[PDB]
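All remarks here apply to the structure that follows.
Numbers restart at 1 for each chain; the letters A, B, ... are given by sequence-line order, proteins then strands.
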Amino acid sequence: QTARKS
Amino acid sequence: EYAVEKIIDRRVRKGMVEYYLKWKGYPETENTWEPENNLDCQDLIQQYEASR
């Protein structure tokens, strides 16, 4: 449950 | 590179689906729109997309 920070 | 708390909203920008994210353990002021390919949160996306 993660995401990359653009 | 960060844990996601929840999806707040969704939009299309420049032909890309973007999600507005609350980041776990960060203030609401840190909420950001991220393109869908930046997420590894299948469960949250499906829960958002099913319940919206």
- Message: With clusters defined by side-chain heavy atoms of hydrophobic residues (ILVMFWY) lying less than 4.5 Å apart, directly or transitively, does B:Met16 cluster with B:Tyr19?
- Response: no

- Item | Same apolar cluster: B:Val12 and B:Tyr48, side chain cutoff 4.5 Å | yes

- Can you name the side chain to side chain contact (heavy atoms under 4.5 Å, CB included) partners of B:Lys24, sequence neighbours left out? B:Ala3, B:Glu5

- Task: Please work out which of the three classes, parallel, tilted or perpendicular, describes the rings of B:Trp23 and B:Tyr2, given edges at 30° and 60°.
- Result: perpendicular

Check: residues 37-44 of chain B side-chain donor-acceptor pairs under 3.5 Å, at least two apart:
from	atom 1	to	atom 2	distance (Å)
B:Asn38	ND2	A:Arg4	O	3.1
B:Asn38	ND2	B:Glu34	OE1	3.3

- For B:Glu1, enumerate each residue passing the side chain to side chain donor-acceptor pair (under 3.5 Å) test, keeping only those at least two apart in sequence or located in another chain. none

- Task: Could you list the residues that satisfy side chain to side chain donor-acceptor pair (under 3.5 Å) with A:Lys5, not counting sequence neighbours?
- Result: none

- Task: Only counting residues at least two apart or in another chain, list the ones meeting salt bridge (charged side-chain N to carboxylate O under 4.0 Å, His left out) with B:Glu49.
- Result: B:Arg10, B:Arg52

- Task: List in chain and number order the residues that pass salt bridge (charged side-chain N to carboxylate O under 4.0 Å, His left out) with B:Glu18, two or more places apart in sequence or in another chain; answer none if no residue qualifies.
- Result: B:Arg11

- Determine whether more than 12 heavy atoms belonging to other residues, nucleotides or ligands lie under 6.0 Å from atom NZ of B:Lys6. no

- Can you tell if the side chain of B:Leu21 reaches within under 4.5 Å of the side chain of B:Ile7, non-hydrogen atoms only? yes

- Task: For the residue pair B:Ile8 and B:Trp33, establish whether any side-chain heavy-atom pair is separated by less than 4.5 Å.
- Result: no

- Note on the structure: So OH of B:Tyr26 and CD of B:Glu28: to nearest 0.5 Å the spacing works out to 14.5 Å

